[PDB]
4 protein chains.
Amino acid sequence: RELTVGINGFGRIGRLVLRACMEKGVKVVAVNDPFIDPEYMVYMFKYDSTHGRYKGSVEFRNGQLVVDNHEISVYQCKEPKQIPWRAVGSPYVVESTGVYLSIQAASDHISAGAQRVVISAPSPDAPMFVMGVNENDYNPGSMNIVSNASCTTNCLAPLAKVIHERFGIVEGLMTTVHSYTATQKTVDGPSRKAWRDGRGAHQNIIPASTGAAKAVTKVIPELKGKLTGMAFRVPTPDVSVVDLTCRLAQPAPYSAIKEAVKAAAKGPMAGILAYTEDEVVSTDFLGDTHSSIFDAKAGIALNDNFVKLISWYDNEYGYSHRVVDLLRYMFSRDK
Amino acid sequence: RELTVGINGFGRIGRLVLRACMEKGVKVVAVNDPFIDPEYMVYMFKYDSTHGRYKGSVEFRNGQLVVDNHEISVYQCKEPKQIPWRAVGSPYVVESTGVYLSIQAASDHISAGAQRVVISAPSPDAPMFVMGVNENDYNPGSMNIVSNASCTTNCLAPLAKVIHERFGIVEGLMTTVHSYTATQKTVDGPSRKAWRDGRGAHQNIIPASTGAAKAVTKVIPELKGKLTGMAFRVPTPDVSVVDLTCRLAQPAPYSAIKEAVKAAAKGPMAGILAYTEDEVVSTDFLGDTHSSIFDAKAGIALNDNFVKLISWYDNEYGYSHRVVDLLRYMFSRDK
Amino acid sequence: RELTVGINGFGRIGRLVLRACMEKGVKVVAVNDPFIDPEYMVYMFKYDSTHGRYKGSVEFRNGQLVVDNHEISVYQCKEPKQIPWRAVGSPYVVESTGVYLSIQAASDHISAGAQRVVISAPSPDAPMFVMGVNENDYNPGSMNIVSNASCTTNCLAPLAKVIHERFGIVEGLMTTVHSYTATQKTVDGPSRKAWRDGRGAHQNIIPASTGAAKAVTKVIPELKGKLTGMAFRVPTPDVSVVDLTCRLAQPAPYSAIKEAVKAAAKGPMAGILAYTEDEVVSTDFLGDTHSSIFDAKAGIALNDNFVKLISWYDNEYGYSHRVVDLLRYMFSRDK
Amino acid sequence: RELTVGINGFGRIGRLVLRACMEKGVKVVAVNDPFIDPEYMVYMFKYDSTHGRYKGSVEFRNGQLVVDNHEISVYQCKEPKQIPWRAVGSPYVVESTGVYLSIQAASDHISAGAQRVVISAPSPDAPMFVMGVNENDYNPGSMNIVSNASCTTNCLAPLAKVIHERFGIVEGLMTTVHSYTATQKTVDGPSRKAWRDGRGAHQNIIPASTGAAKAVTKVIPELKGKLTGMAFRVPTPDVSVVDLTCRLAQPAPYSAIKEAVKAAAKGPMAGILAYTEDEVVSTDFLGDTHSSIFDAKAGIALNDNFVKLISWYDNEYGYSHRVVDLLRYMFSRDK
Ligand SMILES: NC(=O)c1ccc[n+]([C@@H]2O[C@H](COP(=O)([O-])OP(=O)(O)OC[C@H]3O[C@@H](n4cnc5c(N)ncnc54)[C@H](O)[C@@H]3O)[C@@H](O)[C@H]2O)c1
Ligand SMILES: NC(=O)c1ccc[n+]([C@@H]2O[C@H](COP(=O)([O-])OP(=O)(O)OC[C@H]3O[C@@H](n4cnc5c(N)ncnc54)[C@H](O)[C@@H]3O)[C@@H](O)[C@H]2O)c1
Ligand SMILES: NC(=O)c1ccc[n+]([C@@H]2O[C@H](COP(=O)([O-])OP(=O)(O)OC[C@H]3O[C@@H](n4cnc5c(N)ncnc54)[C@H](O)[C@@H]3O)[C@@H](O)[C@H]2O)c1
Ligand SMILES: NC(=O)c1ccc[n+]([C@@H]2O[C@H](COP(=O)([O-])OP(=O)(O)OC[C@H]3O[C@@H](n4cnc5c(N)ncnc54)[C@H](O)[C@@H]3O)[C@@H](O)[C@H]2O)c1
């Protein structure tokens with residue numbers, strides 16, 4: 001009858017997905033996190049260093065989290081197979097722990113009673129979607145587990161779609177200047193799988209690998225072989241920026257680029273891709289719900305066919321809203 | 001014949017204790033850390049965001065860490081009982097993992113072949129020592145496991161000793177404005193045992209409990225019931241400052257306070273307590289080996305009997321040097 | 001018939017005083033700042049790194065700043081004597097440049113047409129006020145020029161008043177752990193009058209002198225000779241915290257301290273002094289309009305007569321709201 | 001007979017140029033700065049938040065700054081014409097105030113007695129030099145006033161030269177992720193000429209214009225029309241990184257790119273361009289004297305003819321050392 005949502009992992013994304021659900025009237029029926037009990041959940045949800053105090057009521061009772069008088073069941077189980085999703089009636093599940101990324105890992109949610117899973121990160125094998133770019137590729141009859149890609153992919157892909165469709169991208173290389181995240185360390189500590197990521201997050205500019213640019217070629221297949229990139233993690237707690245250097249097939253004077261993006265933002269990519277000519281900086285996008293905000297004045301062209309395009313994204317807040325948008329879209333298709 | 005040292009936990013303290021050992025000619029025969037293999041140890045030891053590149057050679061071979069041509073065995077075991085300390089001849093062990101704080105937990109090192117253990121943190125029951133204040137209380141014949149207290153206790157106790165012995169402390173309350181540490185989080189995350197400590201370390205001033213002031217009354221028994229305090233964690237990666245507000249029994253004009261501290265620094269507390277009248281800030285003490293650096297100009301008196309005294313400490317580097325000093329002292333007593 | 005406000009200095013306080021005026025329905029008729037033209041004022045007012053985008057419309061036309069359709073004259077003169085306050089009909093002027101602090105300096109506003117002046121900083125000779133503590137000492141007949149004291153004094157004085165009147169303060173020493181401000185430097189630079197203040201604000205814990213605690217004894221004369229203190233500037237961009245260590249005459253068990261502050265917050269100091277028992281950190285007070293938020297759990301007592309009390313303040317936002325409250329109060333009295 | 005140096009502007013570059021002079025045995029005979037007297041110069045030179053305490057003696061007497069027993073005259077004049085350079089016998093002058101960038105402005109140093117001037121910043125008309133790239137274009141007879149370009153240009157040009165001469169650069173776009181500097185603000189403040197630069201430096205990723213990439217085409221004329229770029233200022237106090245995305249004429253497999261850079265670093269560009277394959281982050285280059293350190297592992301190729309190349313630089317320290325190198329080179333040529 002209605003979209004209902006379960007959240008596994010009540011972290012930055014989990015908690016802000018709940019905020020976005022409340023904002024968009026999406027019913028959340030349960031949250032699972034073995035490291036956060038109901039009373040502690042109230043505290044973590046209510047106070048946020050980055051996005052301020054929750055505007056509304058947050059309480060706990062009867063083993064439940066209660067937000068704006070909406071009662072939410074709280075589970076404390078460590079593995080998807082163990083979560084009693086059936087107890088709250090076959091919800092759509094957001095998998096936002098960061099550690100159950102494969103179809104096999106996520107499918108345990110379905111076994112445990114979930115109707116669908118949205119993995120809030122790229123997956124090695126789950127079908128990947130970026131709202132505004134390829135959500136139409138979703139087939140309810142054949143797909144119960146999907147990925148909403150990464151924050152960076154959701155920033156680049158809408159922009160790349162507009163630029164490629166208007167001018168043709170011959171080749172492009174991306175850099176994201178990216179806020180630090182929960183995977184990083186306060187001071188130099190162990191990060192066996194990726195040594196640089198262990199170094200103090202607040203002290204350093206840290207180069208990092210990312211598949212985000214290549215992932216864009218998954219949701220825009222015409223761009224296979226034509227995009228890749230990397231990241232720098234820097235000492236800001238939220239908001240990131242994509243820096244796309246691309247060679248274009250058709251001449252693209254910068255004024256034409258601006259008109260193409262502005263047209264997309266006003267029309268078919270409204271709410272996903274935005275456009276600004278203001279003298280903005282990263283904090284100006286705290287709480288912004290867009291996937292991608294094109295920065296007209298920040299970019300620079302060498303010539304009509306070789307340009308550097310700049311687009312902002314609140315990697316926490318924009319992405320969380322896209323998770324909710326994908327859920328709502330999936331539900332609209334699954335009737 | 002000679003002091004030999006094993007380090008359990010190759011973290012901020014573990015690695016800087018190794019630096020201090022190399023600087024002071026103390027032989028380190030082994031390091032244990034299940035999360036850092038020899039090649040990775042080379043990297044973590046060589047590069048440091050806070051204290052710069054190691055000045056010397058760092059290599060690995062034959063399963064060993066080699067620093068300035070000194071070969072160091074590397075073990076990868078998760079529990080003290082499992083570490084083959086016997087294989088490197090009954091070393092003195094630095095327990096710097098942060099999770100084996102009790103006499104019972106640390107005693108497994110002895111069972112595994114260690115001759116002594118120095119816990120690099122306060123212990124609920126191990127005898128506690130602050131160099132320059134009460135190391136004489138150490139008895140080799142009855143004590144195989146000891147604690148070197150905390151960075152903050154090592155800052156406050158030498159100062160409190162000088163002030164109490166000259167003027168008499170009637171009562172005192174301490175605040176430490178303290179750099180963030182590895183126990184904290186880059187962004188708002190779970191900290192069940194202490195909620196505030198979960199909040200983003202780089203964004204916040206964070207109140208925290210600390211037993212450091214009360215611990216001073218353990219090493220200066222005359223001050224039992226007369227000292228306690230608390231902490232603020234702030235967005236700096238290293239160096240902290242003690243803020244001691246105390247009522248004194250004898251009149252203590254600030255000039256007399258300065259002369260007492262200066263006399264102690266030049267004489268019996270040389271190398272432990274230092275004295276400055278310069279316009280210093282926290283970064284000026286990066287790499288400082290003193291336990292406590294009295295800041296003459298920063299303090300303020302209401303009157304001759306009620307004063308606020310300020311003292312700096314490199315919570316990483318000073319403390320690591322005191323660990324080494326305690327080891328050397330213990331060895332000198334144990335012959 | 002109505003209060004009208006002119007703002008000299010469109011900085012952090014000037015701009016946030018304008019926000020507070022909009023929030024409280026106070027008519028602002030002019031802003032003077034020689035370094036910010038109308039178009040640039042729009043930008044600086046609309047976007048804020050700390051307090052977010054202005055929720056409303058901001059535009060310029062006809063040499064005026066227009067906020068939520070309210071037309072505001074913009075002047076560009078470098079000295080108070082030169083500002084054409086008469087052109088907007090004898091406004092109450094907020095002096096928030098930071099460089100006209102004396103009665104003599106500020107009085108040039110009056111000669112230029114201002115009805116009254118509120119200096120948004122302590123003054124060497126202008127009478128100082130803290131709302132909720134001594135505004136009733138305002139005398140319209142004789143006080144054309146007043147001072148709203150400092151952010152820190154507005155935090156400490158309400159708390160000091162409650163504690164003194166309930167328990168009697170014998171003596172106290174204050175530390176404020178304080179966010180950096182516009183007077184500080186991004187990297188080590190010149191600060192002739194105060195050397196430590198030149199050192200990089202984002203890298204350092206910086207001791208600083210402040211007259212804030214002594215200033216409390218001016219607005220609460222019964223505390224003359226009983227308070228002083230100092231500051232540490234730390235790497236946060238806004239929100240600060242008072243750390244008051246005091247000796248009390250009457251027995252002051254911490255439970256009794258909490259009931260006294262709670263009662264004050266609910267009654268005579270409502271909207272000025274708040275009370276919390278939550279596990280708060282500095283960012284939880286971004287945008288808070290209170291002068292002082294008592295942190296029950298952060299404080300610690302040595303005994304019934306010697307305690308450390310902790311209270312938060314948004315040094316930008318709370319203080320700006322108090323400027324507006326003082327303006328409104330003065331106006332109601334000048335009738 | 002010998003090189004003697006005068007420094008105008010005792011800021012980050014002025015002070016670290018003095019450090020580099022001491023390190024390289026270059027005689028500094030005078031420093032001019034109207035905002036820093038001899039006693040204050042001692043303090044600012046001795047203590048450094050970024051690069052640590054000066055390892056040596058620093059004192060003042062007889063109106064002079066004395067470093068390692070070298071007596072340095074201290075002048076306090078506000079304009080180049082007014083500085084008594086003649087009193088110290090026709091020194092080579094480093095113009096590091098940031099406000100005398102043209103040949104016309106800087107030439108007043110010559111009228112005041114200077115032998116030559118090195119502007120420590122790009123100039124609109126003074127010839128620009130990058131050591132290791134085009135110092136041989138220096139012509140003593142006709143060039144009294146020169147520019148050492150920018151920190152960023154000194155990073156990019158050596159790399160661009162190596163890559164162009166080996167593979168041929170068809171076109172390239174540069175981003176520098178750059179530490180904040182003294183021109184920026186601690187909190188949102190006025191920056192009329194460049195609005196984004198006024199926004200809080202420690203809170204924001206800040207896009208900025210830079211002519212650095214185009215400047216490379218001035219010192220490497222064969223690249224005219226083939227390079228431009230932009231900057232992001234981020235919350236680190238020192239060390240920056242160049243991100244060069246270029247299209248290459250000859251096939252440039254990444255292995256061949258590494259051999260070309262490595263060979264340059266070992267030979268013709270030794271001490272200017274370095275090469276590393278370690279997992280480095282920005283703080284690992286604090287105090288590094290190279291203009292450019294190529295980060296082999298950080299870069300990524302889309303294909304053999306389209307690559308992203310990453311190179312580090314200590315924008316303060318490396319550049320200061322290059323100023324000294326240019327002075328010495330000019331002197332050897334003026335003989
Ligand atoms: N923070 C961002 O900018 C961002 C943006 C897009 C996607 N993501 C992705 O979202 C996912 C979560 O990222 P995050 O930033 O919220 O990290 P996070 O650390 O803040 O949140 C992870 C949460 O999952 C909990 N958790 C850990 N193991 C669990 C388990 N077995 N079962 C249930 N809960 C568990 C943790 O207690 C924590 O609260 C990751 O895959 C991340 O890559 C993050
Ligand atoms: N950082 C400071 O300022 C400071 C000062 C004084 C004392 N201490 C104390 O020193 C101890 C370590 O602190 P830290 O800052 O170095 O933390 P840290 O996280 O940087 O180091 C801990 C190290 O121990 C390793 N480790 C974890 N579990 C282990 C296990 N079972 N066996 C072996 N190694 C293990 C970790 O891999 C890590 O390298 C703590 O008790 C701390 O309270 C810290
Ligand atoms: N920021 C705080 O936390 C805080 C709190 C309370 C009080 N104050 C005090 O308020 C006053 C301003 O502080 P601030 O933080 O807003 O500093 P600020 O630098 O942000 O604001 C100063 C403003 O005044 C402008 N200005 C400079 N000279 C001027 C002149 N002759 N005429 C007109 N305008 C001029 C500047 O362009 C700037 O916009 C200071 O006295 C400060 O001590 C600051
Ligand atoms: N800091 C860097 O990373 C870097 C690198 C390369 C080049 N530069 C350039 O070097 C120059 C200085 O940069 P900075 O970072 O040292 O800035 P800075 O603010 O730290 O130094 C400027 C110094 O010049 C002084 N000064 C100001 N006006 C003066 C005057 N008329 N006469 C004499 N002294 C005066 C100031 O007191 C200050 O000490 C600038 O042109 C800058 O673009 C900076």
# chains A, B, ... in the order shown; residues from 1 in each chain; ligands from 1
>>> residues_around(residues="residue 303 in chain D", least_positions_apart="3", cutoff="10 Å", atoms="only C-alpha atoms", output="MDAnalysis selection string")
(chainID A and resid 171 225:228) or (chainID D and resid 247 251:254 300 306:307)
>>> write_last_selection(atoms="N, CA and C atoms", output="JSON list (two decimals), in the first residue's frame")
[["chain", "number", "residue", "atom", "x", "y", "z"],
["A", 171, "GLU", "N", 37.06, 12.38, -24.08],
["A", 171, "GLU", "CA", 37.74, 11.77, -22.94],
["A", 171, "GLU", "C", 37.73, 12.76, -21.79],
["A", 225, "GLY", "N", 35.27, 3.56, -21.25],
["A", 225, "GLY", "CA", 36.65, 3.79, -21.65],
["A", 225, "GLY", "C", 37.05, 5.26, -21.71],
["A", 226, "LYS", "N", 36.11, 6.16, -21.43],
["A", 226, "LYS", "CA", 36.32, 7.58, -21.67],
["A", 226, "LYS", "C", 36.47, 8.41, -20.40],
["A", 227, "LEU", "N", 36.29, 7.79, -19.24],
["A", 227, "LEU", "CA", 36.37, 8.52, -17.97],
["A", 227, "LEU", "C", 37.07, 7.73, -16.87],
["A", 228, "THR", "N", 37.93, 8.41, -16.13],
["A", 228, "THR", "CA", 38.41, 7.89, -14.85],
["A", 228, "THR", "C", 38.87, 9.07, -14.01],
["D", 247, "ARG", "N", 47.11, 16.23, -22.39],
["D", 247, "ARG", "CA", 47.05, 15.43, -23.59],
["D", 247, "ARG", "C", 48.45, 15.45, -24.20],
["D", 251, "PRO", "N", 53.18, 8.53, -27.51],
["D", 251, "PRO", "CA", 52.62, 7.58, -26.54],
["D", 251, "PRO", "C", 53.36, 7.66, -25.21],
["D", 252, "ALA", "N", 52.60, 7.75, -24.13],
["D", 252, "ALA", "CA", 53.16, 7.99, -22.81],
["D", 252, "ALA", "C", 52.62, 7.00, -21.79],
["D", 253, "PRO", "N", 52.96, 5.71, -21.94],
["D", 253, "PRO", "CA", 52.60, 4.75, -20.90],
["D", 253, "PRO", "C", 53.17, 5.20, -19.57],
["D", 254, "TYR", "N", 52.48, 4.91, -18.48],
["D", 254, "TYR", "CA", 52.84, 5.51, -17.20],
["D", 254, "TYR", "C", 54.24, 5.10, -16.77],
["D", 300, "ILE", "N", 47.03, 9.08, -12.39],
["D", 300, "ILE", "CA", 46.27, 8.06, -13.10],
["D", 300, "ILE", "C", 46.20, 8.42, -14.58],
["D", 306, "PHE", "N", 46.57, 10.56, -22.50],
["D", 306, "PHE", "CA", 45.75, 11.42, -21.65],
["D", 306, "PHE", "C", 45.91, 11.00, -20.20],
["D", 307, "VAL", "N", 46.59, 11.84, -19.43],
["D", 307, "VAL", "CA", 47.02, 11.46, -18.09],
["D", 307, "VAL", "C", 46.85, 12.58, -17.08]]
>>> closest_atom_pairs(of="chain D", to="ligand 3", cutoff="9 Å", atoms="only C-alpha atoms and all ligand atoms", output="CSV")
residue,atom,partner,partner_atom_place_in_ligand_line,distance
D:187,CA,ligand 3,20 (O),7.3
D:188,CA,ligand 3,20 (O),7.1
D:189,CA,ligand 3,20 (O),5.9
D:190,CA,ligand 3,37 (O),6.1
>>> atom_distance(atom1="CA of residue 43 in chain C", atom2="CA of residue 9 in chain C")
15.5 Å
>>> interface_residues(of="chain B", to="chain D", cutoff="8 Å", atoms="only C-alpha atoms", output="NGL selection string")
:B and (47-50 or 52-53 or 283-284 or 286)
>>> write_last_selection(atoms="N, CA, C and O atoms", output="compact mmCIF listing (two decimals), in the first residue's frame")
# COMPACT_ATOMS: atom_id res chain seq x y z
N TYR B 47 57.31 8.09 8.31
CA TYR B 47 56.54 9.30 8.06
C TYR B 47 55.61 9.57 9.24
O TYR B 47 54.92 8.67 9.71
N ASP B 48 55.59 10.82 9.69
CA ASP B 48 54.74 11.23 10.81
C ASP B 48 54.17 12.62 10.54
O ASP B 48 54.92 13.58 10.32
N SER B 49 52.85 12.73 10.57
CA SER B 49 52.19 13.98 10.21
C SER B 49 52.52 15.10 11.20
O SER B 49 52.53 16.27 10.84
N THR B 50 52.79 14.70 12.44
CA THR B 50 52.97 15.64 13.53
C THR B 50 54.45 15.94 13.79
O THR B 50 54.83 17.10 13.98
N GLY B 52 57.22 14.86 11.85
CA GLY B 52 58.09 14.86 10.68
C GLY B 52 58.71 13.52 10.36
O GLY B 52 58.45 12.52 11.04
N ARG B 53 59.53 13.49 9.33
CA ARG B 53 60.16 12.25 8.88
C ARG B 53 61.21 11.80 9.89
O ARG B 53 61.92 12.63 10.46
N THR B 283 52.04 25.06 19.24
CA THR B 283 52.97 24.46 18.27
C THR B 283 54.43 24.65 18.67
O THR B 283 55.31 23.94 18.19
N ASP B 284 54.70 25.61 19.55
CA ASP B 284 56.07 25.86 19.99
C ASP B 284 56.61 24.72 20.86
O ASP B 284 57.80 24.69 21.16
N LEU B 286 55.91 21.36 20.03
CA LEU B 286 55.99 20.14 19.23
C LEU B 286 57.40 19.57 19.33
O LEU B 286 58.38 20.22 18.96
>>> select_by_dssp(residues="range 114-319 of chain C", states="alpha helix (DSSP H)", output="PyMOL selection string")
chain C and resi 151-167+212-219+254-266+317-319
>>> closest_atom_pairs(of="chain D", to="ligand 4", cutoff="8 Å", atoms="only C-alpha atoms and all ligand atoms", output="CSV")
residue,atom,partner,partner_atom_place_in_ligand_line,distance
D:8,CA,ligand 4,33 (C),5.2
D:9,CA,ligand 4,24 (O),3.5
D:10,CA,ligand 4,39 (O),4.2
D:11,CA,ligand 4,21 (O),3.2
D:12,CA,ligand 4,16 (O),3.6
D:13,CA,ligand 4,16 (O),3.9
D:14,CA,ligand 4,16 (O),5.8
D:15,CA,ligand 4,16 (O),7.7
D:32,CA,ligand 4,33 (C),5.7
D:33,CA,ligand 4,34 (N),4.0
D:34,CA,ligand 4,33 (C),5.7
D:35,CA,ligand 4,37 (O),5.0
D:36,CA,ligand 4,37 (O),6.5
D:76,CA,ligand 4,33 (C),7.5
D:77,CA,ligand 4,32 (N),6.5
D:78,CA,ligand 4,31 (N),4.2
D:79,CA,ligand 4,31 (N),5.2
D:80,CA,ligand 4,32 (N),7.1
D:95,CA,ligand 4,11 (C),7.7
D:96,CA,ligand 4,11 (C),4.4
D:97,CA,ligand 4,24 (O),3.7
D:98,CA,ligand 4,41 (O),3.2
D:99,CA,ligand 4,41 (O),6.7
D:101,CA,ligand 4,41 (O),7.5
D:119,CA,ligand 4,41 (O),7.6
D:120,CA,ligand 4,10 (O),4.9
D:121,CA,ligand 4,41 (O),4.5
D:122,CA,ligand 4,41 (O),7.5
D:149,CA,ligand 4,7 (C),7.5
D:150,CA,ligand 4,6 (C),5.0
D:151,CA,ligand 4,6 (C),4.5
D:152,CA,ligand 4,6 (C),7.8
D:179,CA,ligand 4,3 (O),7.8
D:181,CA,ligand 4,1 (N),5.6
D:182,CA,ligand 4,19 (O),4.8
D:183,CA,ligand 4,19 (O),6.5
D:238,CA,ligand 4,3 (O),7.2
D:314,CA,ligand 4,3 (O),7.8
D:315,CA,ligand 4,3 (O),4.4
D:316,CA,ligand 4,3 (O),4.3
D:319,CA,ligand 4,6 (C),5.8
D:320,CA,ligand 4,6 (C),7.3
>>> atom_distance(atom1="CA of residue 290 in chain A", atom2="CA of residue 272 in chain A")
4.8 Å
>>> residues_around(residues="range 130-143 of chain D", least_positions_apart="3", cutoff="6 Å", atoms="only C-alpha atoms", output="PyMOL selection string")
chain D and resi 154+269+334
>>> write_last_selection(atoms="N, CA and C atoms", output="compact mmCIF listing (two decimals), in the first residue's frame")
# COMPACT_ATOMS: atom_id res chain seq x y z
N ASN D 154 56.60 27.28 -9.87
CA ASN D 154 57.85 26.57 -9.62
C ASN D 154 57.62 25.06 -9.44
N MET D 269 67.63 18.10 -13.31
CA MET D 269 66.75 18.80 -12.38
C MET D 269 66.99 18.41 -10.92
N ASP D 334 76.50 37.98 -12.73
CA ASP D 334 76.76 39.41 -12.76
C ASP D 334 78.25 39.72 -12.61
>>> decode(residues="range 84-106 of chain D", atoms="C-alpha atoms", output="PDB file, in the first residue's frame")
ATOM      1  CA  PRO D  84      68.484  53.027   3.266  1.00  0.00           C
ATOM      2  CA  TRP D  85      69.968  50.128   1.262  1.00  0.00           C
ATOM      3  CA  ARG D  86      73.104  52.213   0.668  1.00  0.00           C
ATOM      4  CA  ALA D  87      73.924  52.020   4.372  1.00  0.00           C
ATOM      5  CA  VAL D  88      74.672  48.298   3.870  1.00  0.00           C
ATOM      6  CA  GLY D  89      76.433  48.570   0.510  1.00  0.00           C
ATOM      7  CA  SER D  90      74.346  47.788  -2.590  1.00  0.00           C
ATOM      8  CA  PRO D  91      72.675  44.498  -1.582  1.00  0.00           C
ATOM      9  CA  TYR D  92      70.608  42.184  -3.751  1.00  0.00           C
ATOM     10  CA  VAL D  93      67.066  42.875  -2.498  1.00  0.00           C
ATOM     11  CA  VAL D  94      64.286  40.325  -2.022  1.00  0.00           C
ATOM     12  CA  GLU D  95      60.972  42.122  -2.511  1.00  0.00           C
ATOM     13  CA  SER D  96      58.601  39.981  -0.435  1.00  0.00           C
ATOM     14  CA  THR D  97      55.924  42.405   0.798  1.00  0.00           C
ATOM     15  CA  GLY D  98      53.470  41.361  -1.894  1.00  0.00           C
ATOM     16  CA  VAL D  99      52.584  44.944  -2.858  1.00  0.00           C
ATOM     17  CA  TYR D 100      55.442  46.053  -5.148  1.00  0.00           C
ATOM     18  CA  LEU D 101      55.099  43.691  -8.106  1.00  0.00           C
ATOM     19  CA  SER D 102      55.788  45.854 -11.189  1.00  0.00           C
ATOM     20  CA  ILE D 103      59.163  46.884 -12.618  1.00  0.00           C
ATOM     21  CA  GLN D 104      58.210  50.476 -11.840  1.00  0.00           C
ATOM     22  CA  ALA D 105      57.325  49.792  -8.202  1.00  0.00           C
ATOM     23  CA  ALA D 106      60.326  47.559  -7.516  1.00  0.00           C
TER      24      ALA D 106
END
